[PDB]
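Source file input.txt; content: compact mmCIF, N, CA, C and O atoms and all ligand atoms.
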# COMPACT_ATOMS: atom_id res chain seq x y z
N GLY A 1 105.39 90.96 105.85
CA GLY A 1 106.12 91.46 104.65
C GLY A 1 105.66 90.84 103.34
O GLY A 1 104.78 89.98 103.30
N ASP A 2 106.25 91.31 102.24
CA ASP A 2 105.93 90.83 100.90
C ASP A 2 106.73 89.57 100.62
O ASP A 2 107.95 89.63 100.44
N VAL A 3 106.04 88.43 100.60
CA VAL A 3 106.68 87.13 100.35
C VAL A 3 107.40 87.04 99.01
O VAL A 3 108.49 86.49 98.93
N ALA A 4 106.77 87.56 97.95
CA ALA A 4 107.37 87.51 96.62
C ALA A 4 108.69 88.28 96.58
O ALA A 4 109.66 87.82 95.99
N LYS A 5 108.71 89.46 97.21
CA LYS A 5 109.92 90.27 97.25
C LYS A 5 111.00 89.59 98.09
O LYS A 5 112.18 89.63 97.74
N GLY A 6 110.58 88.97 99.19
CA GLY A 6 111.53 88.28 100.04
C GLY A 6 112.18 87.11 99.34
O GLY A 6 113.35 86.81 99.55
N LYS A 7 111.41 86.43 98.48
CA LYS A 7 111.93 85.28 97.74
C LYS A 7 113.09 85.69 96.83
O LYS A 7 114.09 84.98 96.74
N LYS A 8 112.93 86.81 96.13
CA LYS A 8 113.99 87.28 95.23
C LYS A 8 115.21 87.70 96.04
O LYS A 8 116.34 87.50 95.60
N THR A 9 114.98 88.23 97.23
CA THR A 9 116.08 88.64 98.10
C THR A 9 116.83 87.40 98.56
O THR A 9 118.07 87.38 98.60
N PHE A 10 116.08 86.36 98.92
CA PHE A 10 116.68 85.11 99.36
C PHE A 10 117.51 84.50 98.24
O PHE A 10 118.66 84.13 98.44
N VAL A 11 116.93 84.40 97.05
CA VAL A 11 117.63 83.83 95.90
C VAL A 11 118.92 84.59 95.58
O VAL A 11 119.94 83.97 95.27
N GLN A 12 118.89 85.91 95.69
CA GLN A 12 120.05 86.75 95.40
C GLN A 12 121.14 86.76 96.48
O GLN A 12 122.33 86.73 96.17
N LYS A 13 120.72 86.77 97.75
CA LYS A 13 121.65 86.87 98.87
C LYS A 13 121.82 85.69 99.82
O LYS A 13 122.80 85.64 100.57
N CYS A 14 120.90 84.73 99.81
CA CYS A 14 121.00 83.60 100.73
C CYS A 14 121.13 82.22 100.09
O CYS A 14 121.73 81.32 100.67
N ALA A 15 120.54 82.06 98.91
CA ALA A 15 120.52 80.78 98.20
C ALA A 15 121.86 80.09 97.99
O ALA A 15 121.92 78.86 97.98
N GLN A 16 122.93 80.86 97.83
CA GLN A 16 124.25 80.29 97.62
C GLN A 16 124.75 79.46 98.81
O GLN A 16 125.64 78.63 98.66
N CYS A 17 124.17 79.71 99.99
CA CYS A 17 124.57 78.98 101.18
C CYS A 17 123.43 78.27 101.91
O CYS A 17 123.68 77.55 102.88
N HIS A 18 122.19 78.44 101.45
CA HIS A 18 121.04 77.82 102.10
C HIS A 18 119.95 77.26 101.20
O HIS A 18 119.74 77.74 100.08
N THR A 19 119.27 76.23 101.70
CA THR A 19 118.12 75.62 101.03
C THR A 19 117.02 75.78 102.09
O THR A 19 117.33 75.93 103.28
N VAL A 20 115.76 75.79 101.68
CA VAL A 20 114.67 75.96 102.64
C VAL A 20 113.68 74.81 102.69
O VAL A 20 113.01 74.60 103.71
N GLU A 21 113.60 74.05 101.60
CA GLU A 21 112.66 72.95 101.48
C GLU A 21 112.88 71.80 102.47
O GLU A 21 113.98 71.58 102.98
N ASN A 22 111.79 71.07 102.73
CA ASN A 22 111.81 69.93 103.63
C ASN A 22 112.70 68.84 103.04
O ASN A 22 112.48 68.38 101.92
N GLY A 23 113.71 68.44 103.81
CA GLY A 23 114.64 67.42 103.35
C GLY A 23 115.78 68.05 102.58
O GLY A 23 116.60 67.35 101.97
N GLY A 24 115.82 69.37 102.60
CA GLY A 24 116.86 70.10 101.89
C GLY A 24 118.28 69.80 102.30
O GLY A 24 118.55 69.47 103.46
N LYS A 25 119.21 69.91 101.36
CA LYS A 25 120.61 69.65 101.65
C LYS A 25 121.30 70.86 102.29
O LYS A 25 120.88 72.00 102.08
N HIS A 26 122.27 70.58 103.14
CA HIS A 26 123.04 71.64 103.79
C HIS A 26 124.12 72.01 102.78
O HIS A 26 124.76 71.13 102.21
N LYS A 27 124.28 73.30 102.53
CA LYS A 27 125.32 73.76 101.61
C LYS A 27 126.41 74.35 102.49
O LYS A 27 126.94 73.64 103.34
N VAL A 28 126.76 75.62 102.29
CA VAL A 28 127.77 76.23 103.15
C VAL A 28 127.09 76.36 104.52
O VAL A 28 127.68 76.04 105.55
N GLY A 29 125.83 76.78 104.48
CA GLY A 29 125.03 76.93 105.68
C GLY A 29 124.00 75.81 105.79
O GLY A 29 123.83 75.03 104.85
N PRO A 30 123.30 75.70 106.93
CA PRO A 30 122.29 74.66 107.16
C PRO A 30 120.98 74.85 106.43
O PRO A 30 120.60 75.97 106.09
N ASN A 31 120.29 73.74 106.15
CA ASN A 31 118.98 73.81 105.51
C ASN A 31 118.14 74.53 106.56
O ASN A 31 118.33 74.32 107.76
N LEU A 32 117.21 75.37 106.11
CA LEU A 32 116.40 76.16 107.02
C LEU A 32 115.00 75.69 107.37
O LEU A 32 114.30 76.37 108.13
N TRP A 33 114.58 74.53 106.86
CA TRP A 33 113.24 74.02 107.16
C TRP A 33 113.02 73.88 108.67
O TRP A 33 113.86 73.31 109.37
N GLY A 34 111.91 74.42 109.17
CA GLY A 34 111.59 74.34 110.59
C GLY A 34 112.26 75.33 111.53
O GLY A 34 112.18 75.19 112.75
N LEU A 35 112.89 76.36 110.96
CA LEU A 35 113.59 77.41 111.69
C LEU A 35 112.77 78.15 112.74
O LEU A 35 113.23 78.34 113.87
N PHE A 36 111.57 78.60 112.38
CA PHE A 36 110.71 79.35 113.30
C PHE A 36 110.23 78.52 114.50
O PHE A 36 109.81 77.38 114.35
N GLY A 37 110.33 79.12 115.69
CA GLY A 37 109.90 78.45 116.91
C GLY A 37 110.93 77.47 117.46
O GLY A 37 110.71 76.86 118.51
N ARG A 38 112.06 77.36 116.77
CA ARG A 38 113.13 76.46 117.18
C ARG A 38 114.35 77.26 117.65
O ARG A 38 114.61 78.36 117.16
N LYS A 39 115.08 76.73 118.63
CA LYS A 39 116.26 77.41 119.13
C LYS A 39 117.37 77.38 118.09
O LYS A 39 117.30 76.62 117.12
N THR A 40 118.37 78.23 118.27
CA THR A 40 119.50 78.32 117.33
C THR A 40 120.28 77.03 117.20
O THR A 40 120.47 76.29 118.17
N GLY A 41 120.77 76.79 115.99
CA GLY A 41 121.56 75.61 115.71
C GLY A 41 120.94 74.26 115.96
O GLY A 41 121.57 73.39 116.54
N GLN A 42 119.72 74.07 115.47
CA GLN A 42 119.04 72.80 115.67
C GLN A 42 118.73 72.02 114.39
O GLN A 42 118.05 71.00 114.44
N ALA A 43 119.25 72.49 113.26
CA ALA A 43 119.05 71.79 111.99
C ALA A 43 119.76 70.44 112.09
O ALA A 43 120.93 70.38 112.47
N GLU A 44 119.04 69.37 111.77
CA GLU A 44 119.59 68.02 111.86
C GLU A 44 120.80 67.73 110.97
O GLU A 44 120.77 68.01 109.77
N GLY A 45 121.85 67.19 111.58
CA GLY A 45 123.04 66.83 110.83
C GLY A 45 124.00 67.93 110.41
O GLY A 45 124.98 67.64 109.74
N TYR A 46 123.71 69.18 110.77
CA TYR A 46 124.61 70.27 110.40
C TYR A 46 125.59 70.57 111.53
O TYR A 46 125.21 70.63 112.70
N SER A 47 126.86 70.76 111.16
CA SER A 47 127.91 71.07 112.13
C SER A 47 128.03 72.58 112.35
O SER A 47 128.72 73.27 111.61
N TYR A 48 127.33 73.09 113.37
CA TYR A 48 127.37 74.52 113.69
C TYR A 48 128.56 74.84 114.58
O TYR A 48 129.15 73.95 115.19
N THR A 49 128.90 76.12 114.66
CA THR A 49 129.98 76.59 115.52
C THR A 49 129.39 76.51 116.93
O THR A 49 128.17 76.38 117.09
N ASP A 50 130.24 76.59 117.95
CA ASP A 50 129.75 76.55 119.33
C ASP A 50 128.89 77.79 119.59
O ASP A 50 127.89 77.72 120.30
N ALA A 51 129.27 78.90 118.96
CA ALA A 51 128.57 80.17 119.11
C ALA A 51 127.11 80.11 118.64
O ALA A 51 126.21 80.53 119.37
N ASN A 52 126.89 79.59 117.44
CA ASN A 52 125.53 79.50 116.91
C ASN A 52 124.73 78.57 117.84
O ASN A 52 123.64 78.91 118.28
N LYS A 53 125.33 77.44 118.21
CA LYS A 53 124.67 76.48 119.10
C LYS A 53 124.37 77.01 120.50
O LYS A 53 123.33 76.70 121.08
N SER A 54 125.26 77.84 121.03
CA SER A 54 125.10 78.38 122.38
C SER A 54 124.26 79.65 122.56
O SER A 54 123.87 79.96 123.69
N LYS A 55 123.99 80.37 121.48
CA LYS A 55 123.20 81.61 121.55
C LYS A 55 121.98 81.43 122.46
O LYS A 55 121.65 82.32 123.25
N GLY A 56 121.33 80.27 122.34
CA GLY A 56 120.20 79.94 123.19
C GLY A 56 118.86 80.62 122.96
O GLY A 56 117.94 80.40 123.74
N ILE A 57 118.75 81.45 121.93
CA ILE A 57 117.49 82.13 121.65
C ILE A 57 116.61 81.33 120.70
O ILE A 57 117.07 80.39 120.04
N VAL A 58 115.33 81.69 120.66
CA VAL A 58 114.36 81.05 119.78
C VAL A 58 114.19 81.92 118.54
O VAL A 58 113.98 83.13 118.65
N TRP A 59 114.31 81.31 117.36
CA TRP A 59 114.14 82.02 116.10
C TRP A 59 112.67 82.34 115.85
O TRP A 59 111.83 81.45 115.90
N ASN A 60 112.39 83.60 115.58
CA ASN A 60 111.05 84.08 115.27
C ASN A 60 111.22 85.43 114.56
O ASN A 60 112.34 85.82 114.25
N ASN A 61 110.12 86.15 114.36
CA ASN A 61 110.18 87.45 113.69
C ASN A 61 111.17 88.43 114.30
O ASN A 61 112.01 88.98 113.59
N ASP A 62 111.08 88.64 115.61
CA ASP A 62 111.94 89.60 116.27
C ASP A 62 113.42 89.25 116.31
O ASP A 62 114.27 90.11 116.08
N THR A 63 113.75 87.98 116.58
CA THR A 63 115.15 87.58 116.65
C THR A 63 115.77 87.50 115.26
O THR A 63 116.94 87.86 115.08
N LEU A 64 115.00 87.06 114.27
CA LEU A 64 115.49 86.97 112.89
C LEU A 64 115.73 88.35 112.29
O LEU A 64 116.71 88.55 111.57
N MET A 65 114.86 89.30 112.62
CA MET A 65 115.00 90.67 112.13
C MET A 65 116.29 91.30 112.65
O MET A 65 117.00 91.99 111.91
N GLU A 66 116.60 91.06 113.92
CA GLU A 66 117.81 91.61 114.54
C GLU A 66 119.05 90.92 113.98
O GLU A 66 120.01 91.58 113.57
N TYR A 67 119.02 89.59 113.98
CA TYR A 67 120.12 88.77 113.48
C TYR A 67 120.53 89.15 112.06
O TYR A 67 121.70 89.44 111.81
N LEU A 68 119.56 89.14 111.15
CA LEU A 68 119.80 89.46 109.75
C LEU A 68 120.34 90.85 109.44
O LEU A 68 120.88 91.07 108.36
N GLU A 69 120.22 91.77 110.38
CA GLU A 69 120.73 93.12 110.17
C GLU A 69 122.26 93.12 110.31
O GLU A 69 122.96 93.84 109.60
N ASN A 70 122.76 92.30 111.24
CA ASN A 70 124.20 92.17 111.48
C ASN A 70 124.45 90.83 112.17
O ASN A 70 124.46 90.73 113.40
N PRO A 71 124.63 89.76 111.37
CA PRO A 71 124.87 88.40 111.86
C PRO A 71 125.94 88.24 112.94
O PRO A 71 125.66 87.69 114.01
N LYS A 72 127.15 88.74 112.68
CA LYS A 72 128.27 88.63 113.62
C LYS A 72 128.06 89.37 114.94
O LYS A 72 128.64 88.99 115.96
N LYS A 73 127.27 90.44 114.91
CA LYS A 73 126.99 91.21 116.12
C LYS A 73 126.08 90.42 117.04
O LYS A 73 126.28 90.38 118.25
N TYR A 74 125.08 89.77 116.45
CA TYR A 74 124.13 88.98 117.21
C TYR A 74 124.73 87.66 117.67
O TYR A 74 124.44 87.19 118.77
N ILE A 75 125.56 87.06 116.82
CA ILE A 75 126.19 85.78 117.15
C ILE A 75 127.70 85.87 116.89
O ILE A 75 128.19 85.37 115.87
N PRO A 76 128.45 86.53 117.79
CA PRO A 76 129.90 86.65 117.62
C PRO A 76 130.57 85.28 117.53
O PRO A 76 130.29 84.40 118.35
N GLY A 77 131.40 85.10 116.51
CA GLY A 77 132.08 83.83 116.33
C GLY A 77 131.38 82.93 115.33
O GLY A 77 131.85 81.83 115.04
N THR A 78 130.25 83.39 114.79
CA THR A 78 129.51 82.62 113.81
C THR A 78 130.33 82.44 112.53
O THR A 78 131.18 83.28 112.22
N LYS A 79 130.12 81.33 111.83
CA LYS A 79 130.84 81.10 110.58
C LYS A 79 130.01 81.58 109.38
O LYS A 79 130.39 81.37 108.23
N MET A 80 128.87 82.21 109.67
CA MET A 80 128.05 82.77 108.61
C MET A 80 128.71 84.08 108.25
O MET A 80 128.65 85.04 109.02
N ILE A 81 129.39 84.12 107.11
CA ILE A 81 130.08 85.33 106.68
C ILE A 81 129.20 86.12 105.71
O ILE A 81 129.26 85.92 104.49
N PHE A 82 128.35 86.96 106.29
CA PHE A 82 127.41 87.80 105.54
C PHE A 82 127.23 89.09 106.32
O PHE A 82 126.91 89.06 107.51
N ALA A 83 127.40 90.22 105.65
CA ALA A 83 127.28 91.53 106.29
C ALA A 83 125.92 91.86 106.88
O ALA A 83 125.82 92.58 107.87
N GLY A 84 124.86 91.35 106.25
CA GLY A 84 123.52 91.60 106.73
C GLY A 84 122.68 92.45 105.79
O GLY A 84 123.20 93.10 104.89
N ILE A 85 121.36 92.41 106.00
CA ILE A 85 120.42 93.20 105.20
C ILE A 85 120.17 94.45 106.05
O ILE A 85 119.52 94.38 107.09
N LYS A 86 120.70 95.58 105.59
CA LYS A 86 120.58 96.84 106.33
C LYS A 86 119.21 97.51 106.35
O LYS A 86 118.83 98.09 107.37
N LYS A 87 118.48 97.44 105.24
CA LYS A 87 117.16 98.05 105.16
C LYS A 87 116.12 97.20 105.88
O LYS A 87 115.98 96.00 105.60
N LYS A 88 115.39 97.82 106.79
CA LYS A 88 114.37 97.13 107.58
C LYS A 88 113.25 96.54 106.73
O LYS A 88 112.81 95.41 106.98
N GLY A 89 112.79 97.30 105.74
CA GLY A 89 111.72 96.82 104.87
C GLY A 89 112.11 95.58 104.09
O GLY A 89 111.30 94.66 103.94
N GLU A 90 113.34 95.55 103.59
CA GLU A 90 113.85 94.42 102.82
C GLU A 90 113.98 93.21 103.75
O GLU A 90 113.69 92.07 103.38
N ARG A 91 114.39 93.49 104.99
CA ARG A 91 114.56 92.45 105.99
C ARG A 91 113.20 91.84 106.36
O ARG A 91 113.07 90.62 106.46
N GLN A 92 112.19 92.69 106.52
CA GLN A 92 110.85 92.22 106.86
C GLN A 92 110.26 91.34 105.77
O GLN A 92 109.61 90.33 106.07
N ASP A 93 110.47 91.71 104.51
CA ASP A 93 109.96 90.93 103.39
C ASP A 93 110.67 89.58 103.34
O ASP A 93 110.06 88.57 103.01
N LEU A 94 111.97 89.58 103.65
CA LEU A 94 112.75 88.35 103.64
C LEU A 94 112.24 87.41 104.73
O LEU A 94 112.11 86.20 104.50
N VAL A 95 111.97 87.95 105.91
CA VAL A 95 111.46 87.16 107.02
C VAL A 95 110.11 86.56 106.65
O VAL A 95 109.83 85.40 106.94
N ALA A 96 109.28 87.36 105.97
CA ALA A 96 107.96 86.90 105.53
C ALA A 96 108.11 85.69 104.62
O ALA A 96 107.37 84.72 104.74
N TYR A 97 109.08 85.74 103.71
CA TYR A 97 109.33 84.62 102.80
C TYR A 97 109.84 83.41 103.57
O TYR A 97 109.41 82.28 103.34
N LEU A 98 110.78 83.66 104.48
CA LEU A 98 111.36 82.60 105.30
C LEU A 98 110.27 81.84 106.06
O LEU A 98 110.25 80.61 106.07
N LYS A 99 109.33 82.58 106.65
CA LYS A 99 108.24 81.97 107.40
C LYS A 99 107.36 81.09 106.50
O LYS A 99 106.98 79.98 106.88
N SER A 100 107.09 81.57 105.29
CA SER A 100 106.25 80.83 104.35
C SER A 100 106.94 79.62 103.70
O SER A 100 106.33 78.58 103.50
N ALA A 101 108.23 79.77 103.40
CA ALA A 101 109.00 78.71 102.73
C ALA A 101 109.60 77.63 103.63
O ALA A 101 110.03 76.59 103.15
N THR A 102 109.62 77.87 104.94
CA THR A 102 110.22 76.92 105.87
C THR A 102 109.24 76.08 106.70
O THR A 102 109.61 75.49 107.72
N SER A 103 108.00 76.02 106.24
CA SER A 103 106.97 75.23 106.91
C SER A 103 105.80 75.05 105.94
O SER A 103 105.10 74.01 106.08
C1 LIG B 201 127.32 81.92 103.03
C2 LIG B 201 128.32 82.69 102.46
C3 LIG B 201 126.16 82.41 103.65
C4 LIG B 201 125.27 83.37 103.22
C5 LIG B 201 125.34 84.28 102.00
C6 LIG B 201 124.18 83.38 104.17
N1 LIG B 201 124.41 82.49 105.18
FE1 LIG B 201 123.08 81.96 106.65
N2 LIG B 201 124.49 80.73 107.48
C7 LIG B 201 125.68 80.37 106.91
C8 LIG B 201 126.40 79.47 107.80
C9 LIG B 201 127.73 78.80 107.50
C10 LIG B 201 125.64 79.31 108.91
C11 LIG B 201 126.03 78.57 110.18
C12 LIG B 201 126.74 79.57 111.08
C13 LIG B 201 127.32 78.95 112.34
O1 LIG B 201 127.97 79.70 113.10
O2 LIG B 201 127.15 77.74 112.58
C14 LIG B 201 124.44 80.10 108.71
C15 LIG B 201 123.35 80.20 109.59
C16 LIG B 201 122.15 80.91 109.39
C17 LIG B 201 121.02 80.94 110.28
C18 LIG B 201 120.90 80.28 111.65
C19 LIG B 201 120.36 78.87 111.45
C20 LIG B 201 120.16 78.12 112.75
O3 LIG B 201 120.52 78.64 113.83
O4 LIG B 201 119.64 76.99 112.69
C21 LIG B 201 120.04 81.67 109.66
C22 LIG B 201 118.66 82.01 110.18
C23 LIG B 201 120.58 82.08 108.40
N3 LIG B 201 121.86 81.62 108.25
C24 LIG B 201 119.93 82.90 107.49
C25 LIG B 201 120.43 83.45 106.33
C26 LIG B 201 119.71 84.32 105.46
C27 LIG B 201 118.21 84.62 105.54
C28 LIG B 201 120.60 84.74 104.50
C29 LIG B 201 120.37 85.68 103.50
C30 LIG B 201 120.12 87.01 103.81
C31 LIG B 201 121.85 84.06 104.77
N4 LIG B 201 121.72 83.28 105.90
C32 LIG B 201 123.00 84.11 103.98
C33 LIG B 201 126.20 80.89 105.71
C34 LIG B 201 125.61 81.88 104.89
Representation of the structure as structure tokens:
Amino acid sequence: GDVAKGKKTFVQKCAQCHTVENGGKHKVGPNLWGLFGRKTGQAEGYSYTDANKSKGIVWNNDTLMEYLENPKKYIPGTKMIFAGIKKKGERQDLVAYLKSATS
């Protein structure tokens, strides 16, 4: 996806609850550094719900694309209160940015 477009999407819809940089602070949600290739709920020092921690899947392009379309559907009981990015293209660009900004 388009990294530049994904960045603006992140700033507009995710930034209020997330940071992505290495050593980033946890806000409403956990810092996202190192997300790809890691199982759900593994950000150091963040208090996740049992649901996010128990999902047991590995975050990557395919799981992030599904999750971001409807967070609560993928992880019922999650405390991430966000409806999701409905457009696939917008979601793909966001994932592209996430991959670039989190490593
Ligand atoms: C606050 C109102 C939020 C907004 C807007 C977004 N997210 Fe979030 N996110 C939030 C919380 C409180 C949590 C933890 C949920 C829990 O049940 O513990 C999360 C979690 C995520 C995750 C999973 C992280 C992990 O498993 O380590 C991802 C990948 C994530 N959030 C992504 C994300 C994106 C890309 C957003 C914008 C579209 C976004 N979130 C917004 C709270 C909030």
* Give me, please, the distance in Å between atom N of residue 83 in chain A and atom N of residue 1 in chain A, quoted to one decimal. =>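 Separation of atom N of residue 83 in chain A and atom N of residue 1 in chain A: 22.0 Å.
Compared by their closest atoms to ligand LIG 201 (chain B), and using only N, CA, C and O atoms and all ligand atoms, the residues A:79, A:55, A:8, A:91 rank with A:79 nearest.
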* ligand LIG 201 (chain B): which residues are within 8 Å, counting only C-alpha atoms and all ligand atoms, as a PyMOL selection string? -> chain A and resi 9-10+13-18+28-32+35+38-43+47-53+59+64+67-68+75+77-82+84-85+94-95+98
* Could you pull out all residues of range 19-94 of chain A with a DSSP call of helix (DSSP H, G or I) and give them as a ChimeraX atom specification? -> /A:50-54,61-69,71-74,88-94
* **Distance in Å - CA of residue 33 in chain A versus atom N of residue 102 in chain A** => 5.7 Å
